[PDB]
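File shown: my_file.pdb. Contents: PDB, N, CA and C atoms.
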ATOM      1  N   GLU A 934      -1.268   2.558   9.411
ATOM      2  CA  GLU A 934      -2.703   2.778   9.512
ATOM      3  C   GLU A 934      -3.426   2.409   8.215
ATOM      4  N   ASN A 935      -2.897   2.821   7.053
ATOM      5  CA  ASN A 935      -3.548   2.451   5.798
ATOM      6  C   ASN A 935      -3.539   0.943   5.594
ATOM      7  N   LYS A 936      -2.471   0.270   6.024
ATOM      8  CA  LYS A 936      -2.442  -1.185   6.006
ATOM      9  C   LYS A 936      -3.566  -1.754   6.859
ATOM     10  N   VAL A 937      -3.670  -1.281   8.105
ATOM     11  CA  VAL A 937      -4.558  -1.905   9.086
ATOM     12  C   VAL A 937      -6.023  -1.777   8.677
ATOM     13  N   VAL A 938      -6.445  -0.582   8.257
ATOM     14  CA  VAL A 938      -7.878  -0.346   8.048
ATOM     15  C   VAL A 938      -8.415  -1.216   6.917
ATOM     16  N   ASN A 939      -7.711  -1.230   5.790
ATOM     17  CA  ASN A 939      -8.043  -2.083   4.661
ATOM     18  C   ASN A 939      -7.752  -3.542   4.927
ATOM     19  N   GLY A 940      -7.009  -3.837   5.984
ATOM     20  CA  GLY A 940      -6.456  -5.158   6.124
ATOM     21  C   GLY A 940      -5.352  -5.395   5.111
ATOM     22  N   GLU A 941      -4.731  -6.566   5.206
ATOM     23  CA  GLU A 941      -3.499  -6.859   4.482
ATOM     24  C   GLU A 941      -3.729  -7.217   3.017
ATOM     25  N   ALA A 942      -4.796  -7.961   2.725
ATOM     26  CA  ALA A 942      -4.936  -8.632   1.435
ATOM     27  C   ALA A 942      -4.979  -7.651   0.264
ATOM     28  N   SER A 943      -5.520  -6.455   0.499
ATOM     29  CA  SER A 943      -5.712  -5.437  -0.532
ATOM     30  C   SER A 943      -4.407  -5.002  -1.196
ATOM     31  N   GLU A 944      -3.292  -5.067  -0.469
ATOM     32  CA  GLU A 944      -2.074  -4.380  -0.888
ATOM     33  C   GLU A 944      -1.474  -4.942  -2.176
ATOM     34  N   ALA A 945      -1.830  -6.177  -2.530
ATOM     35  CA  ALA A 945      -1.389  -6.785  -3.780
ATOM     36  C   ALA A 945      -1.782  -5.946  -4.991
ATOM     37  N   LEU A 946      -2.838  -5.145  -4.860
ATOM     38  CA  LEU A 946      -3.340  -4.293  -5.928
ATOM     39  C   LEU A 946      -2.470  -3.062  -6.181
ATOM     40  N   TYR A 947      -1.540  -2.740  -5.278
ATOM     41  CA  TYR A 947      -0.691  -1.559  -5.391
ATOM     42  C   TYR A 947       0.790  -1.899  -5.413
ATOM     43  N   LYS A 948       1.165  -3.082  -4.928
ATOM     44  CA  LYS A 948       2.533  -3.579  -5.020
ATOM     45  C   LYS A 948       2.827  -4.058  -6.442
ATOM     46  N   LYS A 949       3.064  -3.110  -7.352
ATOM     47  CA  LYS A 949       2.936  -3.362  -8.785
ATOM     48  C   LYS A 949       3.934  -4.380  -9.322
ATOM     49  N   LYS A 950       3.407  -5.245 -10.180
ATOM     50  CA  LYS A 950       4.153  -6.241 -10.933
ATOM     51  C   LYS A 950       5.098  -5.585 -11.936
ATOM     52  N   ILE A 951       6.337  -6.075 -12.005
ATOM     53  CA  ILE A 951       7.368  -5.506 -12.865
ATOM     54  C   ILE A 951       7.923  -6.586 -13.786
ATOM     55  N   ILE A 952       8.264  -6.183 -15.008
ATOM     56  CA  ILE A 952       8.677  -7.086 -16.082
ATOM     57  C   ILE A 952      10.161  -7.417 -15.949
ATOM     58  N   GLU A 953      10.483  -8.705 -15.846
ATOM     59  CA  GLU A 953      11.866  -9.151 -15.973
ATOM     60  C   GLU A 953      12.283  -9.152 -17.436
ATOM     61  N   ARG A 954      13.485  -8.666 -17.706
ATOM     62  CA  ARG A 954      13.927  -8.487 -19.085
ATOM     63  C   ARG A 954      14.547  -9.797 -19.541
ATOM     64  N   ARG A 955      13.746 -10.631 -20.196
ATOM     65  CA  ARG A 955      14.301 -11.816 -20.829
ATOM     66  C   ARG A 955      15.048 -11.417 -22.097
ATOM     67  N   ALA A 956      16.111 -12.156 -22.399
ATOM     68  CA  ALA A 956      17.056 -11.779 -23.439
ATOM     69  C   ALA A 956      16.422 -11.847 -24.824
ATOM     70  N   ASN A 957      17.057 -11.165 -25.790
ATOM     71  CA  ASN A 957      16.552 -11.238 -27.156
ATOM     72  C   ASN A 957      17.732 -11.251 -28.141
ATOM     73  N   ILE A 958      18.271 -12.450 -28.375
ATOM     74  CA  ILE A 958      19.259 -12.657 -29.429
ATOM     75  C   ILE A 958      18.555 -12.659 -30.779
ATOM     76  N   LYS A 959      19.210 -12.091 -31.792
ATOM     77  CA  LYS A 959      18.650 -11.950 -33.131
ATOM     78  C   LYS A 959      19.733 -12.197 -34.168
ATOM     79  N   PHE A 960      19.382 -12.858 -35.267
ATOM     80  CA  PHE A 960      20.325 -12.980 -36.375
ATOM     81  C   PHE A 960      20.147 -11.780 -37.305
ATOM     82  N   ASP A 961      20.662 -10.653 -36.817
ATOM     83  CA  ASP A 961      20.554  -9.378 -37.503
ATOM     84  C   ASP A 961      21.479  -9.347 -38.707
ATOM     85  N   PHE A 962      20.945  -9.760 -39.843
ATOM     86  CA  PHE A 962      21.598  -9.524 -41.105
ATOM     87  C   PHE A 962      21.689  -8.011 -41.333
ATOM     88  N   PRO A 963      22.633  -7.550 -42.152
ATOM     89  CA  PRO A 963      22.858  -6.099 -42.308
ATOM     90  C   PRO A 963      21.606  -5.372 -42.761
ATOM     91  N   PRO A 964      21.366  -4.164 -42.243
ATOM     92  CA  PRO A 964      20.151  -3.418 -42.600
ATOM     93  C   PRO A 964      20.203  -2.979 -44.054
ATOM     94  N   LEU A 965      19.201  -3.389 -44.804
ATOM     95  CA  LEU A 965      19.100  -3.044 -46.205
ATOM     96  C   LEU A 965      18.979  -1.534 -46.354
ATOM     97  N   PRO A 966      19.867  -0.880 -47.099
ATOM     98  CA  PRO A 966      19.748   0.570 -47.280
ATOM     99  C   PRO A 966      18.450   0.937 -47.980
ATOM    100  N   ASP A 967      17.919   2.108 -47.640
ATOM    101  CA  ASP A 967      16.744   2.604 -48.342
ATOM    102  C   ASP A 967      17.103   2.918 -49.780
ATOM    103  N   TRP A 968      16.309   2.374 -50.701
ATOM    104  CA  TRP A 968      16.476   2.679 -52.110
ATOM    105  C   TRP A 968      16.590   4.179 -52.351
ATOM    106  N   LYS A 969      15.707   4.965 -51.741
ATOM    107  CA  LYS A 969      15.615   6.375 -52.106
ATOM    108  C   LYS A 969      16.695   7.219 -51.446
ATOM    109  N   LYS A 970      16.958   6.972 -50.167
ATOM    110  CA  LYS A 970      17.885   7.794 -49.406
ATOM    111  C   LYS A 970      19.330   7.411 -49.670
ATOM    112  N   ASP A 971      19.586   6.121 -49.821
ATOM    113  CA  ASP A 971      20.930   5.587 -49.897
ATOM    114  C   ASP A 971      21.316   5.171 -51.307
ATOM    115  N   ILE A 972      20.500   4.339 -51.952
ATOM    116  CA  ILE A 972      20.910   3.706 -53.201
ATOM    117  C   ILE A 972      20.807   4.680 -54.365
ATOM    118  N   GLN A 973      19.648   5.315 -54.502
ATOM    119  CA  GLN A 973      19.347   6.090 -55.701
ATOM    120  C   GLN A 973      20.371   7.185 -56.003
ATOM    121  N   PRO A 974      20.864   7.970 -55.036
ATOM    122  CA  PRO A 974      21.877   8.992 -55.361
ATOM    123  C   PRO A 974      23.178   8.430 -55.907
ATOM    124  N   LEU A 975      23.479   7.161 -55.651
ATOM    125  CA  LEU A 975      24.653   6.504 -56.210
ATOM    126  C   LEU A 975      24.327   5.731 -57.488
ATOM    127  N   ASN A 976      23.054   5.359 -57.650
ATOM    128  CA  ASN A 976      22.634   4.480 -58.736
ATOM    129  C   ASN A 976      22.884   5.105 -60.103
ATOM    130  N   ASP A 977      22.582   6.400 -60.259
ATOM    131  CA  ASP A 977      22.728   7.075 -61.550
ATOM    132  C   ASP A 977      24.114   6.886 -62.145
ATOM    133  N   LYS A 978      25.131   6.804 -61.297
ATOM    134  CA  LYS A 978      26.501   6.659 -61.753
ATOM    135  C   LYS A 978      26.981   5.219 -61.776
ATOM    136  N   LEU A 979      26.413   4.345 -60.935
ATOM    137  CA  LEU A 979      26.949   2.993 -60.795
ATOM    138  C   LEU A 979      26.142   1.907 -61.509
ATOM    139  N   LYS A 980      24.886   2.171 -61.865
ATOM    140  CA  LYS A 980      24.038   1.163 -62.493
ATOM    141  C   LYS A 980      24.644   0.663 -63.801
ATOM    142  N   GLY A 981      24.697  -0.659 -63.958
ATOM    143  CA  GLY A 981      25.187  -1.278 -65.177
ATOM    144  C   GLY A 981      26.675  -1.166 -65.421
ATOM    145  N   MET A 982      27.464  -0.804 -64.412
ATOM    146  CA  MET A 982      28.875  -0.515 -64.618
ATOM    147  C   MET A 982      29.826  -1.631 -64.187
TER     148      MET A 982
ATOM    149  N   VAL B1499     -19.758  -2.130  18.334
ATOM    150  CA  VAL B1499     -19.614  -2.533  16.941
ATOM    151  C   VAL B1499     -20.863  -3.278  16.505
ATOM    152  N   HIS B1500     -21.255  -3.055  15.260
ATOM    153  CA  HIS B1500     -22.300  -3.812  14.592
ATOM    154  C   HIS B1500     -21.662  -4.544  13.423
ATOM    155  N   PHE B1501     -22.146  -5.752  13.143
ATOM    156  CA  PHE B1501     -21.523  -6.595  12.131
ATOM    157  C   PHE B1501     -22.273  -6.503  10.806
ATOM    158  N   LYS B1502     -21.503  -6.324   9.728
ATOM    159  CA  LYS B1502     -21.973  -6.461   8.353
ATOM    160  C   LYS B1502     -22.083  -7.927   7.984
ATOM    161  N   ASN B1503     -21.079  -8.692   8.384
ATOM    162  CA  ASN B1503     -21.004 -10.131   8.207
ATOM    163  C   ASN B1503     -20.017 -10.645   9.245
ATOM    164  N   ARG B1504     -19.676 -11.930   9.150
ATOM    165  CA  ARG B1504     -18.806 -12.573  10.133
ATOM    166  C   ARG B1504     -17.488 -11.834  10.312
ATOM    167  N   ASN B1505     -17.015 -11.191   9.252
ATOM    168  CA  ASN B1505     -15.642 -10.754   9.115
ATOM    169  C   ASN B1505     -15.488  -9.241   9.127
ATOM    170  N   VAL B1506     -16.573  -8.500   8.911
ATOM    171  CA  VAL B1506     -16.538  -7.056   8.711
ATOM    172  C   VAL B1506     -17.641  -6.396   9.533
ATOM    173  N   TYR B1507     -17.309  -5.276  10.172
ATOM    174  CA  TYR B1507     -18.314  -4.455  10.837
ATOM    175  C   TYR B1507     -19.204  -3.770   9.816
ATOM    176  N   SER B1508     -20.500  -3.717  10.109
ATOM    177  CA  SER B1508     -21.326  -2.714   9.459
ATOM    178  C   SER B1508     -21.022  -1.352  10.043
ATOM    179  N   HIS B1509     -20.643  -1.321  11.320
ATOM    180  CA  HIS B1509     -20.318  -0.042  11.933
ATOM    181  C   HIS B1509     -19.425  -0.242  13.151
ATOM    182  N   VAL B1510     -18.197   0.264  13.082
ATOM    183  CA  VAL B1510     -17.438   0.568  14.292
ATOM    184  C   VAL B1510     -17.874   1.920  14.825
ATOM    185  N   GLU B1511     -18.214   1.951  16.113
ATOM    186  CA  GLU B1511     -18.332   3.138  16.938
ATOM    187  C   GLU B1511     -17.403   2.965  18.135
ATOM    188  N   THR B1512     -16.644   3.998  18.491
ATOM    189  CA  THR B1512     -15.684   3.842  19.582
ATOM    190  C   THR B1512     -15.406   5.191  20.219
ATOM    191  N   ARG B1513     -15.722   5.325  21.509
ATOM    192  CA  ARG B1513     -15.729   6.640  22.135
ATOM    193  C   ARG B1513     -15.263   6.579  23.578
ATOM    194  N   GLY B1514     -14.954   7.751  24.101
ATOM    195  CA  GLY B1514     -14.624   7.871  25.510
ATOM    196  C   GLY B1514     -13.651   9.018  25.761
ATOM    197  N   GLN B1515     -12.788   8.815  26.750
ATOM    198  CA  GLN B1515     -12.135   9.897  27.467
ATOM    199  C   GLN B1515     -10.636   9.666  27.573
ATOM    200  N   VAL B1516      -9.860  10.710  27.295
ATOM    201  CA  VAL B1516      -8.419  10.724  27.485
ATOM    202  C   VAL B1516      -8.092  11.785  28.520
ATOM    203  N   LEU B1517      -7.343  11.366  29.535
ATOM    204  CA  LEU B1517      -7.328  11.965  30.854
ATOM    205  C   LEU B1517      -5.910  12.320  31.278
ATOM    206  N   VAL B1518      -5.836  13.396  32.073
ATOM    207  CA  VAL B1518      -4.614  13.956  32.640
ATOM    208  C   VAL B1518      -4.809  14.163  34.138
ATOM    209  N   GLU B1519      -3.751  13.901  34.909
ATOM    210  CA  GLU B1519      -3.670  14.273  36.318
ATOM    211  C   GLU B1519      -2.901  15.588  36.464
ATOM    212  N   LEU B1520      -3.547  16.570  37.081
ATOM    213  CA  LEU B1520      -3.072  17.927  37.304
ATOM    214  C   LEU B1520      -2.126  17.988  38.506
ATOM    215  N   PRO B1521      -1.364  19.083  38.659
ATOM    216  CA  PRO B1521      -0.412  19.179  39.787
ATOM    217  C   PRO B1521      -1.071  19.123  41.154
ATOM    218  N   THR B1522      -2.346  19.495  41.240
ATOM    219  CA  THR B1522      -3.199  19.318  42.408
ATOM    220  C   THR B1522      -3.461  17.860  42.735
ATOM    221  N   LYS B1523      -3.167  16.961  41.793
ATOM    222  CA  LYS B1523      -3.547  15.551  41.795
ATOM    223  C   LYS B1523      -5.021  15.343  41.455
ATOM    224  N   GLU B1524      -5.694  16.387  40.975
ATOM    225  CA  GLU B1524      -7.018  16.278  40.370
ATOM    226  C   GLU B1524      -6.903  15.734  38.945
ATOM    227  N   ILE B1525      -7.974  15.124  38.426
ATOM    228  CA  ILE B1525      -7.930  14.560  37.075
ATOM    229  C   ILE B1525      -9.066  15.120  36.222
ATOM    230  N   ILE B1526      -8.770  15.317  34.928
ATOM    231  CA  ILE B1526      -9.725  15.831  33.950
ATOM    232  C   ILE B1526      -9.552  15.105  32.619
ATOM    233  N   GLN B1527     -10.570  15.208  31.761
ATOM    234  CA  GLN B1527     -10.377  14.884  30.354
ATOM    235  C   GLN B1527      -9.749  16.072  29.634
ATOM    236  N   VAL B1528      -8.771  15.773  28.786
ATOM    237  CA  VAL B1528      -8.189  16.755  27.885
ATOM    238  C   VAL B1528      -8.432  16.406  26.433
ATOM    239  N   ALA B1529      -8.829  15.165  26.130
ATOM    240  CA  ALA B1529      -9.362  14.872  24.807
ATOM    241  C   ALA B1529     -10.430  13.791  24.877
ATOM    242  N   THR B1530     -11.422  13.922  24.014
ATOM    243  CA  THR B1530     -12.406  12.894  23.732
ATOM    244  C   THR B1530     -11.914  11.984  22.613
ATOM    245  N   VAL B1531     -12.300  10.715  22.674
ATOM    246  CA  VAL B1531     -12.146   9.788  21.557
ATOM    247  C   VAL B1531     -13.499   9.649  20.884
ATOM    248  N   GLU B1532     -13.509   9.772  19.547
ATOM    249  CA  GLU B1532     -14.721  10.040  18.782
ATOM    250  C   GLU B1532     -14.775   9.251  17.463
ATOM    251  N   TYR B1533     -14.336   7.992  17.462
ATOM    252  CA  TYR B1533     -14.036   7.281  16.226
ATOM    253  C   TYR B1533     -15.209   6.482  15.664
ATOM    254  N   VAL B1534     -15.303   6.475  14.332
ATOM    255  CA  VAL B1534     -16.220   5.641  13.561
ATOM    256  C   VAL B1534     -15.469   5.062  12.370
ATOM    257  N   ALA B1535     -15.868   3.857  11.948
ATOM    258  CA  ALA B1535     -15.371   3.317  10.681
ATOM    259  C   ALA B1535     -16.446   2.996   9.649
ATOM    260  N   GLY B1536     -17.662   2.660  10.065
ATOM    261  CA  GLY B1536     -18.495   1.841   9.207
ATOM    262  C   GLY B1536     -17.838   0.476   9.106
ATOM    263  N   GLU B1537     -17.487   0.049   7.890
ATOM    264  CA  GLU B1537     -16.643  -1.127   7.687
ATOM    265  C   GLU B1537     -15.174  -0.827   7.970
ATOM    266  N   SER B1538     -14.459  -1.856   8.423
ATOM    267  CA  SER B1538     -13.005  -1.849   8.533
ATOM    268  C   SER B1538     -12.533  -3.272   8.789
ATOM    269  N   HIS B1539     -11.235  -3.488   8.607
ATOM    270  CA  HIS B1539     -10.599  -4.735   9.002
ATOM    271  C   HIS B1539     -10.070  -4.699  10.432
ATOM    272  N   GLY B1540     -10.328  -3.615  11.168
ATOM    273  CA  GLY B1540      -9.949  -3.488  12.567
ATOM    274  C   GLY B1540     -10.538  -2.265  13.255
ATOM    275  N   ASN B1541      -9.803  -1.696  14.211
ATOM    276  CA  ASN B1541     -10.215  -0.472  14.904
ATOM    277  C   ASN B1541      -8.965   0.313  15.280
ATOM    278  N   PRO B1542      -8.558   1.271  14.435
ATOM    279  CA  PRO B1542      -7.234   1.902  14.580
ATOM    280  C   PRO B1542      -6.942   2.451  15.960
ATOM    281  N   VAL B1543      -7.951   2.966  16.661
ATOM    282  CA  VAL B1543      -7.760   3.483  18.016
ATOM    283  C   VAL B1543      -7.236   2.389  18.940
ATOM    284  N   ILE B1544      -7.952   1.268  18.978
ATOM    285  CA  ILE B1544      -7.611   0.176  19.878
ATOM    286  C   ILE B1544      -6.319  -0.491  19.425
ATOM    287  N   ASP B1545      -6.203  -0.699  18.111
ATOM    288  CA  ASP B1545      -4.991  -1.230  17.497
ATOM    289  C   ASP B1545      -3.770  -0.407  17.904
ATOM    290  N   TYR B1546      -3.935   0.910  17.905
ATOM    291  CA  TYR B1546      -2.890   1.830  18.309
ATOM    292  C   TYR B1546      -2.526   1.652  19.778
ATOM    293  N   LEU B1547      -3.527   1.576  20.658
ATOM    294  CA  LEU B1547      -3.232   1.509  22.091
ATOM    295  C   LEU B1547      -2.467   0.236  22.454
ATOM    296  N   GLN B1548      -2.911  -0.918  21.947
ATOM    297  CA  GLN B1548      -2.169  -2.163  22.163
ATOM    298  C   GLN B1548      -0.733  -2.076  21.661
ATOM    299  N   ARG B1549      -0.492  -1.279  20.609
ATOM    300  CA  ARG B1549       0.859  -1.155  20.068
ATOM    301  C   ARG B1549       1.716  -0.078  20.726
ATOM    302  N   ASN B1550       1.106   0.839  21.472
ATOM    303  CA  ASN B1550       1.801   2.011  21.991
ATOM    304  C   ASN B1550       1.689   2.192  23.502
ATOM    305  N   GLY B1551       0.835   1.429  24.173
ATOM    306  CA  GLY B1551       0.486   1.621  25.565
ATOM    307  C   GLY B1551       0.243   0.331  26.324
ATOM    308  N   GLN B1552      -0.388   0.429  27.496
ATOM    309  CA  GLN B1552      -0.497  -0.701  28.407
ATOM    310  C   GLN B1552      -1.741  -0.574  29.280
ATOM    311  N   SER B1553      -2.226  -1.720  29.758
ATOM    312  CA  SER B1553      -3.276  -1.751  30.768
ATOM    313  C   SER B1553      -2.796  -1.105  32.063
ATOM    314  N   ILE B1554      -3.741  -0.560  32.831
ATOM    315  CA  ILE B1554      -3.404   0.031  34.123
ATOM    316  C   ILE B1554      -3.136  -1.036  35.196
ATOM    317  N   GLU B1555      -3.651  -2.265  35.038
ATOM    318  CA  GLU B1555      -3.280  -3.394  35.896
ATOM    319  C   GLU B1555      -2.925  -4.616  35.045
ATOM    320  N   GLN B1556      -1.964  -5.423  35.506
ATOM    321  CA  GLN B1556      -1.570  -6.669  34.846
ATOM    322  C   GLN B1556      -1.341  -7.776  35.868
ATOM    323  N   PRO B1557      -1.561  -9.038  35.485
ATOM    324  CA  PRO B1557      -1.306 -10.170  36.391
ATOM    325  C   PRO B1557       0.170 -10.533  36.448
ATOM    326  N   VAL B1558       0.709 -10.565  37.660
ATOM    327  CA  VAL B1558       2.013 -11.142  37.938
ATOM    328  C   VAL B1558       1.798 -12.644  38.033
ATOM    329  N   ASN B1559       1.803 -13.327  36.896
ATOM    330  CA  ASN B1559       1.566 -14.761  36.912
ATOM    331  C   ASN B1559       2.803 -15.503  37.403
ATOM    332  N   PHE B1560       2.570 -16.469  38.282
ATOM    333  CA  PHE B1560       3.611 -17.320  38.829
ATOM    334  C   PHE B1560       4.165 -18.257  37.764
ATOM    335  N   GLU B1561       5.458 -18.557  37.880
ATOM    336  CA  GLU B1561       6.067 -19.630  37.106
ATOM    337  C   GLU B1561       5.805 -21.003  37.718
TER     338      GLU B1561
END
Structure translated into structure tokens:
Amino acid sequence: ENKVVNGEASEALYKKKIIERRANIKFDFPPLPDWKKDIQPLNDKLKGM
Amino acid sequence: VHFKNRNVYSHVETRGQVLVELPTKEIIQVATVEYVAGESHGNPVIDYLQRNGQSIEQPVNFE
């Protein structure tokens, strides 16, 4: 009934478009450690050594 | 029906009688049809009957 009264053409507005997942290759070089969280607690002992 | 344009009613009006035959073989209305649309792409009452029911007479067309 909802199809008929509105007619057919309207339904494109509710038959929602969905995203196809195209691939995403990346040249992920290693994540640089945070200076403050990672490097600095080791730096006091290792700097210049 | 009144037309808004070539393709759409300004007003569907559609009315009449739904009928039962009693055990006496007398007949009465047991429901009224009372439909309006204004605009629509059809007429759900009539659309329904063609999809769910049949004419009381049909032509036995020859082959």
Selected by the ChimeraX specification (/B :<8) & /A in the shown coordinates: which residues, as JSON, numbers by chain?
-> {"A": [934, 936, 937, 938, 939, 940, 941]}
Mind checking which residues fall within 7 Å of residue 1500 of chain B, counting only N, CA and C atoms, ignoring those fewer than 2 positions away in the same chain, and posting them as a list in words?
-> residues 1502, 1503, 1506, 1507, 1508, 1509, 1510 and 1511 of chain B
May I ask for the distance between atom C of residue 1533 of chain B and atom CA of residue 1513 of chain B, given in Å to one decimal place?
->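 Pair atom C of residue 1533 of chain B / atom CA of residue 1513 of chain B returns 6.5 Å.
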Residue contacts of residue 1529 of chain B (10 Å, only C-alpha atoms) excluding same-chain residues fewer than 4 positions away, as a ChimeraX atom specification | /B:1514-1518
Write down as a list in words the residues belonging to chain A that are assigned helix (DSSP H, G or I) by DSSP computed on the backbone.
->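 The helix (DSSP H, G or I) subset of chain A is residues 935, 936, 937, 938, 939, 942, 943, 944, 945, 946, 968, 969, 970, 971, 972, 973, 974, 975, 976, 977, 978 and 979 of chain A.
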Among chain B, which ones does DSSP place in strand (DSSP E or B), written as number ranges by chain?
-> B: 1500-1501, 1507-1519, 1525-1536
In Å, with one decimal, what is the gap from atom CA of residue 1531 of chain B to atom CA of residue 1501 of chain B?
->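 Those two atoms sit 21.1 Å apart.
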Between atom N of residue 1550 of chain B and atom CA of residue 1526 of chain B, what is the spacing in Å?
->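 Interatomic distance here is 22.3 Å.
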